[PDB]
Visitor: 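First the structure, which I've put down as structure tokens, then a few questions once you've had a look.
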Amino acid sequence: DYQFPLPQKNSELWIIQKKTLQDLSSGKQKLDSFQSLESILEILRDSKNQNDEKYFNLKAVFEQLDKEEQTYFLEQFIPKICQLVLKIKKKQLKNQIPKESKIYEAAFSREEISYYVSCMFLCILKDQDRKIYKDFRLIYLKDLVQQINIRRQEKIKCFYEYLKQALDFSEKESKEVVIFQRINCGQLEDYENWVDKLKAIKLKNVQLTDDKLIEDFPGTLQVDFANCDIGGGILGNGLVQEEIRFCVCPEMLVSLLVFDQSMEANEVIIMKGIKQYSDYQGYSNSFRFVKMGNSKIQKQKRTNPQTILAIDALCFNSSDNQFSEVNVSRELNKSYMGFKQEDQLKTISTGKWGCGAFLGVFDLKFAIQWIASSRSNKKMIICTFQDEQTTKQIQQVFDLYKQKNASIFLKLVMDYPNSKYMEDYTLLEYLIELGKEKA
Ligand SMILES: O=C(O)CCN1C(=O)/C(=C2/C(=O)N(Cc3c(Cl)cccc3Cl)c3ccc(Cl)cc32)SC1=S
């Protein structure tokens with residue numbers, strides 16, 4: 001049972017750190033410049049050396065602030081977050097791999113979570129014996145590629161926005177519980193086993209949306225298209241679906257602190273009580289932090305906690321056969337083991353799961369999720385992210401196969417690769433051709 005070392009674990013260094021924290025917390029030490037901050041950090045990281053690039057991205061965010069907020073940042077914000085670190089009572093966090101069919105759950109107060117994100121902000125979360133860190137140091141660090149520095153800078157804005165809001169927490173809000181769950185789901189079923197089990201199952205409802213994002217659907221089981229290492233490149237260069245979600249909902253960062261080990265094929269992660277703190281536009285290189293507004297919808301995102309299912313798709317290469325009975329049954333397991341969780345959340349909010357850098361064919365990832373949600377006895381919302389052609393296709397397929405038998409459906413899908421249509425039909429087109437052929 002692995003335990004992630006909090007700063008106090010190293011009492012030697014903790015002496016120095018603590019000294020410096022209350023030093024700033026009190027107003028004893030006052031920061032006049034960003035240069036001052038940098039030496040603060042170098043101390044807290046216990047680092048001999050020091051060049052300017054180490055904090056190039058942090059600096060860049062700092063300098064985009066107005067003179068008033070730069071003042072605020074150095075005189076008020078940093079000291080206040082040092083105080084949050086000082087409120088920490090734990091010296092390590094537990095990373096347990098649940099036994100078969102059991103759950104490792106870890107719960108925190110909303111404020112406690114802010115204490116830990118503060119540690120990440122001040123680059124003091126590391127396991128020296130493993131030479132593993134879990135804070136913002138790479139993000140702060142200058143990269144050779146400007147786009148990458150922008151992504152880092154943008155992530156920094158999100159975490160800062162979040163931190164500012166964590167300081168203004170009402171007594172009530174700071175006590176609310178956030179919950180992380182590593183869930184072992186037991187025996188993996190194989191292809192034949194699946195085909196059998198689905199004979200009893202009918203395809204359930206699916207809704208398409210061109211222009212909405214997953215988090216626009218509060219009160220659903222919201223999917224994070226996760227890496228097997230939860231968080232993916234959140235602490236580095238990553239800025240696609242999973243990392244973006246961590247960016248706008250930074251409480252998720254703590255999952256990094258308890259779920260060190262890769263998810264196993266029969267594992268899923270659930271995060272409850274997660275609120276959204278930033279808005280954004282774009283994706284990857286175009287991703288930009290956008291301060292959250294005042295509208296009805298914005299107030300809700302900020303104040304209404306959501307529940308999130310993190311499941312990791314297979315990472316394919318270009319030669320892999322995604323339609324193999326082994327690969328399919330694997331994705332059926334993962335999604336269904338995930339979707340069947342939180343049975344009071346009867347709608348799954350999902351989308352192009354594993355179809356980006358993971359090279360998944362979306363037509364098939366759709367079919368698998370539909371089968372999984374159906375078996376789960378849940379409705380599904382699919383976000384196609386402005387893919388007009390796919391939207392049209394999936395709609396048609398839904399109209400042809402809703403309420404139809406899921407086992408017949410699966411077999412239909414599994415024959416595509418062999419079928420005649422394999423050459424100049426996509427999977428969805430092939431399904432349409434066979435759905436229209438019935439007349
Ligand atoms: O498995 C994955 O990490 C990626 C799944 N995937 C997306 O999430 C895609 C997005 C996308 O094209 N876009 C751009 C986009 C936006 Cl911002 C708004 C409306 C439509 C689109 Cl396409 C995304 C924007 C936000 C989020 Cl969270 C995801 C996407 S494309 C794709 S494949």
Side-chain angles (χ1 to χ4, degrees), residues 147 150-151 154-155 157-158 207-218 220-250 252 255 263 268-269 271 274 276-290 292-293 298 301 306 308-318 320 322 327 330-331 334-335 338-339 348-370 372 380-394 426-428:
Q147 281 86 340
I150 301 291
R151 293 184 198 183
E154 289 309 312
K155 296 178 169 188
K157 295 175 184 189
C158 291
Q207 298 183 49
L208 292 185
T209 175
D210 251 347
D211 53 353
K212 298 292 197 58
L213 298 167
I214 283 172
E215 69 271 14
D216 295 325
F217 302 88
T220 69
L221 180 44
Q222 294 178 7
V223 186
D224 156 29
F225 300 163
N227 196 272
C228 57
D229 299 308
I230 190 87
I234 181 53
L235 286 189
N237 293 351
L239 239 201
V240 294
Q241 199 260 17
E242 166 154 60
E243 296 92 349
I244 283 176
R245 191 64 191 262
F246 279 67
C247 282
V248 297
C249 310
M252 292 168 82
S255 75
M263 284 190 291
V268 307
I269 283 157
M271 314 187 199
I274 304 291
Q276 187 177 339
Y277 296 91
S278 305
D279 219 331
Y280 72 98
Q281 71 200 39
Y283 183 74
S284 207
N285 281 180
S286 58
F287 179 94
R288 298 299 183 275
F289 162 81
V290 168
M292 216 154 37
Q298 261 118 18
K301 275 170 165 179
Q306 297 304 139
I308 296 170
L309 172 65
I311 43 166
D312 59 295
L314 281 166
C315 191
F316 294 116
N317 49 67
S318 311
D320 295 342
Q322 303 177 24
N327 286 156
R330 189 280 183 187
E331 302 295 37
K334 178 65 68 169
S335 56
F339 294 174
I348 303 309
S349 190
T350 187
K352 288 191 173 188
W353 181 51
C355 304
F358 269 25
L359 299 191
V361 185
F362 181 41
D363 311 55
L364 172 60
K365 266 303 199 294
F366 163 68
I368 295 184
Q369 294 184 277
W370 195 12
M380 190 168 65
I381 299 175
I382 289 286
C383 303
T384 55
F385 312 117
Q386 306 283 14
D387 184 342
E388 287 175 293
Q389 175 205 356
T390 296
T391 302
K392 294 179 237 269
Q393 291 192 338
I394 290 185
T426 68
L427 171 58
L428 294 179

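For reference, positions follow the sequence shown, starting with 1. One-based numbering, in listed order, for ligands and for the atoms of each.
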Visitor: Donor-acceptor pair, distance only, cut-off 3.5 Å: does the side chain of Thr390 make one with the backbone of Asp387?
Guide: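 It does not hold such a pair.
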Visitor: So that I can tick it off, tell me whether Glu331 and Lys365 are bridged by a salt bridge, with the cut-off set at under 4.0 angstrom between side-chain N and carboxylate O.
Guide: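 Yes, this pair counts.
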Visitor: With the threshold set at 4.0 Å, does a side-chain nitrogen-carboxylate oxygen contact exist between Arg245 and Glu242?
Guide: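 Salt bridge absent between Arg245 and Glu242.
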Visitor: Without swapping roles, check the side chain of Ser349 against the backbone of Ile381 for a donor-acceptor pair under 3.5 Å.
Guide: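 No: the side chain of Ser349 does not pair with the backbone of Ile381.
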Visitor: Once you restrict to heavy atoms under 4.0 Å, what part of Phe225 touches ligand 1? Side chain, backbone, both or neither.
Guide: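 Looking at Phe225 and ligand 1, just side chain atoms fall under 4.0 Å.
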Visitor: Give the residue, atom name and distance (to 0.1 Å) of the protein heavy atom nearest atom 5 (C) of ligand 1.
Guide: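 Here the closest protein heavy atom is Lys352 O, 3.1 Å.
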Visitor: Taking the non-hydrogen atoms of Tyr280, is any one of them nearer than 4.0 angstrom to ligand 1?
Guide: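 Within the 4.0 Å threshold, so yes.
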Visitor: Starting from atom 20 (C) of ligand 1, locate the nearest protein heavy atom and write down its residue, its atom name and how far away it is, to 0.1 Å.
Guide: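 Nearest neighbour among protein heavy atoms for atom 20 (C) of ligand 1, to 0.1 Å: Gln386 CG, 3.2 Å.
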Visitor: Considering the heavy atoms of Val240, write down every atom of ligand 1 situated less than 4.0 Å from one of them.
Guide: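 Contacts of ligand 1 toward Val240, numbered from 1: 3 (O).
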Visitor: Name the closest protein heavy atom to atom 32 (S) of ligand 1, giving the residue it belongs to and the distance to 0.1 Å.
Guide: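 Going by distance alone, atom 32 (S) of ligand 1 is nearest to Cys355 O, 3.2 Å.
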Visitor: Determine whether a donor-acceptor pair (N or O, by modelled atom type, separation under 3.5 Å) exists between the side chain of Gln393 and the backbone of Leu428.
Guide: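 Side chain of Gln393 to backbone of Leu428, a donor-acceptor pair under 3.5 Å: no, none is there.
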Visitor: Looking only at protein heavy atoms, identify the closest one to atom 18 (C) of ligand 1 and say how far it is in Å.
Guide: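 Nearest neighbour among protein heavy atoms for atom 18 (C) of ligand 1, to 0.1 Å: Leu213 CD2, 4.4 Å.
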Visitor: Strictly by modelled atom types, are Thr391 and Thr384 linked by a side-chain donor-acceptor pair under 3.5 Å?
Guide: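 On atom types as modelled, these side chains qualify, holding a pair under 3.5 Å.
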Visitor: State the atoms of ligand 1, each with its element, that fall below the 4.0 Å cut-off from a heavy-atom position in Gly356.
Guide: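 Taking each heavy atom of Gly356 in turn, ligand 1 has 32 (S) under 4.0 Å.
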Visitor: Does the protein place any heavy atom closer than 4.0 Å to atom 10 (C) of ligand 1?
Guide: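 Yes.
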Visitor: Under 3.5 Å, side chain of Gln369 to main-chain N/O of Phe339, donor-acceptor pair present?
Guide: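 The answer is no, because no donor-acceptor pair under 3.5 Å joins these two groups.
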Visitor: Is atom 15 (C) of ligand 1 less than 4.0 angstrom from some protein heavy atom?
Guide: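 It does not; no protein heavy atom is within 4.0 Å.
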Visitor: Once rounded to the nearest 0.5 Å, what's the spacing between atom CG of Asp224 and atom CD1 of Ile274?
Guide: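 Interatomic distance, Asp224 CG to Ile274 CD1, rounded to 0.5 Å: 10.5 Å.
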Visitor: Is there a donor-acceptor pair closer than 3.5 Å between any side-chain N or O of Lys155 and the backbone N or O of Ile234?
Guide: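 Checking the backbone N and O of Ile234 against the side chain of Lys155, a donor-acceptor pair under 3.5 Å is found.
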Visitor: Starting from atom 22 (Cl) of ligand 1, which protein heavy atom do you reach first, and at what distance in Å?
Guide: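 The protein heavy atom lying closest is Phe385 O, 2.7 Å.
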Visitor: Using non-hydrogen atoms of the residue, decide whether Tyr283 is closer than 4.0 angstrom to ligand 1.
Guide: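 Contact present.
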Visitor: Considering only the protein, which heavy-atom contact is closest to atom 17 (Cl) of ligand 1, and what is its distance?
Guide: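 Minimum-distance protein heavy atom for atom 17 (Cl) of ligand 1 reads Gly282 O, 3.5 Å.
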Visitor: Name the closest protein heavy atom to atom 1 (O) of ligand 1, giving the residue it belongs to and the distance to 0.1 Å.
Guide: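 Here the closest protein heavy atom is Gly354 N, 3.5 Å.
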